[PDB]
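Below, in structure tokens: the form deposited in one PDB entry, a single chain.
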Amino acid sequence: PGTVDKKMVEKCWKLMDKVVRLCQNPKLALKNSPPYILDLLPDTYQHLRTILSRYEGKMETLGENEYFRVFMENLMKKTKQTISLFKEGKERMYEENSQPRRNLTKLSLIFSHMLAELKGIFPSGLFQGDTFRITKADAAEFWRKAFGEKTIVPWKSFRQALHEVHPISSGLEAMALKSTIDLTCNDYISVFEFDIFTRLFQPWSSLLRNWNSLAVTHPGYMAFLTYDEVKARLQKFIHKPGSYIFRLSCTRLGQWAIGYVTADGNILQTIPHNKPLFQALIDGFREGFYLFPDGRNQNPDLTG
């Protein structure tokens, strides 16, 4: 990427200013629940200001920052995609359950994720990518050993390097993998993104094999969905006790968010604590809570 100059941010802001208003339209009837775009942007803007306030002068040190170059870039691109969706989605936006509208929810998550990432690679507003505290030991090794201090790497690289320890089946399996990890949708994998994945799919020992069993071949795994969407979706099995689906959490990044239907026909959502998703699923199924992955009558045998 090129250099990120003071002007650059200006544009991104103007773009952010619009994306908001568009989403401020009543017809959309957007709910407060996160992800909640109407906030993620203001907050993002806010943080960017904090950052820019601290590099106040040493602006070149920042524009130079590889990761920061990426973000703004991705961000700018992302604000646009949203703008288009509206004009090239026209009145179809206000149509709940309309492809154009689903894309909107998607981006929401990204924005939420992006913010999460940014605040991580810039706690306090001062860059700290090269020293990011990776959570699981094992993983932390692989990353610092494979990429050293790099804060963000081209998908390509990450793939090759990863394949040495964890073999990637096909060119397709990898495309799937990439979609799961690349939370900021920018063909780059950051130490932050890396951490979140490795946390969700631990143990590192069998990283991809777990992923395979919890997302590649498991009907319950739901890519980019939100709390609302999970409830909205499980509603077709609304009173088919056992029916459940899982996804990534929006507020508690790095953790799971099961969505299930209670014997008394109700939709709840739990975030596994003190027990890996692997375990939650095994027990829940045993106790009659995690029986039908997304309606499906049959359930995966994680015991393998």
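Take the two forms, find the largest set of C-alpha atoms that superpose within 1.5 Å, and that set is the rigid core. Numbers for residues come from their place in the sequence shown, where the first is 1.
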item	value
Average Cα temperature factor in the PDB entry - higher stretch of 177-185, 224-232	224-232
Residue stretch of maximal mean CA temperature factor, 38-46 vs 253-261	38-46
Out of 248, 268, 238, 271, residue topping the C-alpha B-factor column of the entry	238
CA B-factor placement of residue 283, once the chain's modelled residues are sorted into thirds	middle
Position of residue 164 among the chain's modelled residues by C-alpha B-factor, lowest, middle or highest third	middle
Within-chain third of residue 95 by Cα B-factor, per the entry	highest
Residue 142 - Cα temperature factor, lowest/middle/highest third of chain	middle
Lowest, middle or highest third - CA B-factor, residue 103	highest
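Missing here is the form solved in complex with a partner chain; even so, the following discussion is about that form.
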query	finding
Check all three, 146, 160 and 165, heavy atom within 4.5 Å of its partner chain in the deposited bound form	no
Listed residue that, although its partner chain is not shown, lies within 4.5 Å of it in the deposited bound form (heavy atoms), from 188, 211, 127, 204	211
Interface membership of residue 221, its partner chain in the deposited bound form, 4.5 Å heavy atom rule	yes
Residue 178, heavy atom within 4.5 angstroms of its partner chain in the deposited bound form	yes
Contact test in the deposited bound form: residue 217 vs its partner chain, heavy atoms, 4.5 Å	yes
Contact of residue 106 with its partner chain in the deposited bound form (heavy atom, 4.5 Å)	yes
Residue among 231, 199, 102, 178 whose Cα moves 2 Å or more between this form and the one not shown, once the rigid core is superposed	231
Rigid core superposed: residue 286 CA moves 2 Å or more between this form and the one not shown	yes
Is_shifted residue 29 between this form and the one not shown (CA, 2 Å cut-off, rigid core)	no
Core-superposed C-alpha of residue 46 shifting 2 Å or more between this form and the one not shown	no
Direction of Cα pair change residue 224-residue 249 in the deposited bound form, magnitude 3 angstroms or more	closer
